[PDB]
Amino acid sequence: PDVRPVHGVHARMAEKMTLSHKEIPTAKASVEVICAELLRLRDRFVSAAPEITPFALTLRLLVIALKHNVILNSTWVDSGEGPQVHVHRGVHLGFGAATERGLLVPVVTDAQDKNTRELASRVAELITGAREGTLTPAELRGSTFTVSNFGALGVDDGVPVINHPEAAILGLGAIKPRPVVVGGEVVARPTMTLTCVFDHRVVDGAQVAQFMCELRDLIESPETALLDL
């Protein structure tokens, strides 16, 4: 066989993947989301601000949903005085950026303090930075929740691996036209499947469902929630 020694970003990925597999009892919950209004909103602003993308808007709405479902942004801890869940006050949002040198996971520090435009600009800088290889050590660490946008790569739905010691990860399926029922009629709509993989020690099914339903409802009516645009 062609023998490839593993180093760098591959070695660390391989390390991080093994740690998660070993420690975290996972479960998964998925919801189908209609993205017509999301893309309409994008169309409204993309000329004046090209960084307002469906991905950026989704991350903004995710931050809102995490502020309302705090248990999703947390860590299981056993060190010391018995079993504890540490619920994090800051949302430091990791997201995958696939590059020539492999995938990197830039982090939006204190995403909870950012308005839609602020978040969109920062995500754009981080996407650019990952691609050009100019990210600092601080921009590649400290996440409390992570997103995997395999949809941008053409995957319809997927099951990503929790970024240890986080309690959950969100996978974003591909946005494309699919058939859905609206007012009893079969119609075409842009849609996507969201899949949350979670540490079932930390988060229960009722909690994940509440989070995902909220996220779906924000994305399906984003204009009011993003009234800071």
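A residue's number is simply how far along the shown sequence it sits, counting from 1.
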Look up the CA B-factors in the entry and say which stretch, 21-29 or 7-15, has the higher mean. 7-15
What stretch has the higher average Cα B-factor here, 149-157 or 129-137? 129-137
Based on the PDB entry, the highest CA temperature factor among the options 77, 91, 107, 87 is that of 77
Sorting the chain's CA B-factors, does residue 178 end up in the lowest, middle or highest third? lowest
Once the chain's modelled residues are ordered by C-alpha B factor and cut into thirds, is residue 51 in the lowest, middle or highest one? highest
By the recorded C-alpha temperature factor, relative to the other modelled residues in its chain, which third is residue 204 in? middle
B-factor third for the C-alpha atom of residue 71 within its chain: lowest
